[PDB]
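Participant: Sequence, then the experimental structure. Questions to follow.
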Amino acid sequence: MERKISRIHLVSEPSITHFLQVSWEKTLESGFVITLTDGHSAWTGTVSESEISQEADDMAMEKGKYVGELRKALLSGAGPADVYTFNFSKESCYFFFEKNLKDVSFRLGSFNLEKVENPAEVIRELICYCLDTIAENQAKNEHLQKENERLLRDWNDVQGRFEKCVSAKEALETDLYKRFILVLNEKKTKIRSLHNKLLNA
Amino acid sequence: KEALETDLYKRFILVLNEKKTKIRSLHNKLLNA
Amino acid sequence: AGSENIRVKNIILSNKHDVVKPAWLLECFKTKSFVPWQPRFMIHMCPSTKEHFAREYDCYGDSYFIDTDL
């Protein structure tokens, strides 16, 4: 059950903005339930696989392209590509959304919604979902920020350790070589002393 | 660091072993003469 | 011979002559004297030189009686 909310400015009443919530079980292709709200009244509708197939066949284009366009229009994922306009007759529950370009309008999708007896339940459900999402997002952000701070501290510590290692690298070799020189000099002293003693005979 | 250490120590032990053989051989002749 | 050319490889494989690095020559012209031969400059040792240096220096360039520096 994945749902997404979006804002729409109906042509009939542009001043007032309405909220459309679309929820689907597995994917938008299988079907989705739409709920339109404005703060005073709410309307509900459903779209199944048969309706989407009929719309695709009537529009005569690839199913994937139709699904993508419908998702972009309903979820408000569009950028500057185009402008989608939505109309909804409050006295007929005949909602429909199209896209406008170069003074050309094409009917993209149409649904027949149904009014709900009580809008309080749906409004409360939407607000509760939004609040839960906000709380979960805040918790995840705080946890990730703490993890990032820990990672930064660890990076600083390891960088300091690397600096210490590189600094000591050359001192190790210098001490090794001078110690080698001392021991070799002592051994050479011993060898020459024995040589002198032996040749004394 | 490990590679450098092992290489340097191998050279060290080789040189020291050669010097040890030389000292032992030179000392061996003391008893003979 | 400074570079190990094919001629240098052939002569060193001969085992009858000793090769000396050019560096020694340069030193000979800096002190205005003859620098005694040392393993630091030699690239190969003739049998007589090998026998002479066997009891005077290691199989490598390490010193026997005189102290060594860095």
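Facilitator: Thanks, I have the structure now. Numbers count the residues shown, from 1 in each chain, chains lettered A, B, ... in the order given.
Participant: I'd like the next helix or strand past the helix or strand containing residue C:24.
Facilitator: Secondary structure assigned from DSSP states H and E places residue C:24 in helix C:22-30. Using DSSP H and E, the next helix or strand after helix C:22-30 towards the C-terminus is helix C:47-54.
Participant: That following helix near chain A at all?
Facilitator: No: shown here: helix C:47-54 not in contact with chain A (CB under 8 Å from any CB of the partner chain), separated by at least 15.0 Å. (Each C-beta comes from the backbone N, C-alpha and C, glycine too.)
Participant: buried sites along that helix?
Facilitator: residue C:53 (16 or more other CB atoms under 10 Å in any protein chain shown).
Participant: Likewise for stretch C:27-46?
Facilitator: Residues of stretch C:27-46 classed as buried under the neighbour-count rule (16+ other CB under 10 Å) are C:27, C:39, C:41-42, C:44-45.
Participant: Can you redo these as JSON lines, where the extra columns are distance to chain B?
Facilitator: Conversion of the buried residues of stretch C:27-46 to JSON lines gives the following (distance: CB to the nearest CB, whole Å):
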{"residue": "C:27", "distance to chain B": "25"}
{"residue": "C:39", "distance to chain B": "14"}
{"residue": "C:41", "distance to chain B": "20"}
{"residue": "C:42", "distance to chain B": "18"}
{"residue": "C:44", "distance to chain B": "20"}
{"residue": "C:45", "distance to chain B": "17"}
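Participant: out of the residues you listed, which one sits closest to residue A:149?
Facilitator: When those are compared for distance to residue A:149 (CB to CB), residue C:39 comes out closest, at 60.9 Å.
Participant: And for that closest one, nearest residue in space, chain neighbours not counted?
Facilitator: Excluding its sequence neighbours, the residue lying closest to residue C:39 (CB to CB, 6 or more residues apart in numbering or on different chains) is residue C:61, at 4.2 Å.
Participant: burial measure for the one you found, as a count.
Facilitator: Per other CB atoms under 10 Å in any protein chain shown, the neighbour tally for residue C:61 reads 12.
Participant: Same question for the one 5 residues further on.
Facilitator: Other residues within reach of residue C:66, judged by other CB under 10 Å, total 9.
Participant: how near is it to residue A:185?
Facilitator: 10 Å (CB to CB, to the nearest Å).
Participant: What of residue A:174?
Facilitator: Separation of residue A:174 from residue A:185 (CB to CB) stands at 17 Å.
Participant: Which of the two has more residues huddled nearby?
Facilitator: Higher neighbour count among residue A:174 and residue A:185: residue A:185, with 14 against 11, using other CB under 10 Å.
Participant: Quick check: which element contains that one?
Facilitator: Per DSSP H and E: residue A:185 is located in helix A:119-200.
Participant: list the helices and strands that helix packs on?
Facilitator: Helices and strands touching helix A:119-200, as assessed by 3 or more CB pairs under 8 Å, 6 or more residues apart in numbering or on different chains; DSSP states H and E, comprise strand A:2-9, strand A:31-37, strand A:42-48, helix B:2-32.
Participant: from the chain's centre, how far out does that helix sit?
Facilitator: Centroid separation between helix A:119-200 and its chain, computed with CA atoms, centre = their mean, to the nearest Å, is 33 Å.
Participant: Give the buried residues for stretch A:93-103.
Facilitator: Buried residues in stretch A:93-103, counted by 16+ other CB under 10 Å: A:93, A:95, A:97-99.
Participant: typo on my end, it should be stretch C:11-21
Facilitator: Using 16+ other CB under 10 Å as the burial criterion, the residues of stretch C:11-21 that qualify are C:11-12, C:18-19.
Participant: And stretch A:187-201, by the same measure?
Facilitator: Burial within stretch A:187-201, assessed by neighbour count using 16+ other CB under 10 Å, is assigned to A:187-188, A:191, A:194.
Participant: Also stretch A:75-88?
Facilitator: Of the residues in stretch A:75-88, those buried (16+ other CB under 10 Å) are A:84-86, A:88.
Participant: Tell me which residue lies nearest the centroid of chain C.
Facilitator: The C-alpha lying nearest the average C-alpha coordinate of chain C belongs to residue C:42 (CA atoms, centre = their mean; 1.9 Å).
Participant: Same list (the helices and strands packed on helix A:119-200) but as TSV, adding distance to residue A:166.
Facilitator: Rendered in TSV, the data for the helices and strands packed on helix A:119-200 read as follows (distance: least, CB to CB, whole Å):
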stretch	distance to residue A:166
strand A:2-9	52
strand A:31-37	60
strand A:42-48	65
helix B:2-32	13
